[PDB]
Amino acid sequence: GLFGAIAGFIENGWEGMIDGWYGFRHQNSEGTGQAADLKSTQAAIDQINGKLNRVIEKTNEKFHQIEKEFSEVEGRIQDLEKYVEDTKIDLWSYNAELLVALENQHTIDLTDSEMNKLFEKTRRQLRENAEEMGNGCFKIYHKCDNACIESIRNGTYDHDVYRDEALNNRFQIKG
């Protein structure tokens, strides 16, 4: 969508992730593992619900209106009675059709955004110790065990702790 994460730099989705809408898979010292991110999952879900409720808000009521079916042929007045209703229906139909198209388009960029926002947030947190591989995976240039992965995920990762190890592994090598 507008941000280019979903169906963009993040090649495809994980049918395996049954516990949330956005999340982390990882491969480290102690093996591999997956974990939904619940804050962006809730952020995407709340906006979609808010949107949904506003569309479902109050069917207004109408009681005695005009006749909309006729059994005799009458001419002028019945012609106007049919024309009023036919133009009311075409106007409300254009309205429903434009509404779900703007709505759906927005829902698709809104979730694209939440994805990219989680990506950028993780990026900012890893500071100088990781590099973007460009497919939505960061290469972390220091030993990062499962508690380390869990601190990135729960937003408490301290980059400073690993900066000297990371910078060394990342740059120096032989060039």
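Note that residue numbering begins at 1 and tracks the sequence as displayed. The term rigid core refers to the maximal set of C-alpha atoms that superpose within 1.5 Å between the two forms.
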If the other structures are each fit on the rigid core, which stretch ends up farther away in C-alpha terms in 5 other deposited structures of this protein, 165 to 173 or 3 to 11?
165 to 173
When the core is superposed, where do the C-alphas shift more in 5 other deposited structures of this protein: in 53 to 61 or in 118 to 126?
53 to 61
Quick one: say whether 43 to 51 or 138 to 146 has the higher mean Cα B-factor in the deposited entry.
138 to 146
Quick note on 119 to 127 and 54 to 62: per-entry mean CA temperature factor is higher in 54 to 62
Could you place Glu132 in the lowest, middle or highest third of its chain by Cα temperature factor, using the values in the record?
middle
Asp112: CA B-factor among chain residues, third -> lowest
Among the modelled residues of its chain, does the C-alpha B-factor of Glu67 lie in the lowest, middle or highest third?
lowest
Just say lowest, middle or highest third for the CA B-factor of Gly1 relative to the other modelled residues in its chain.
middle
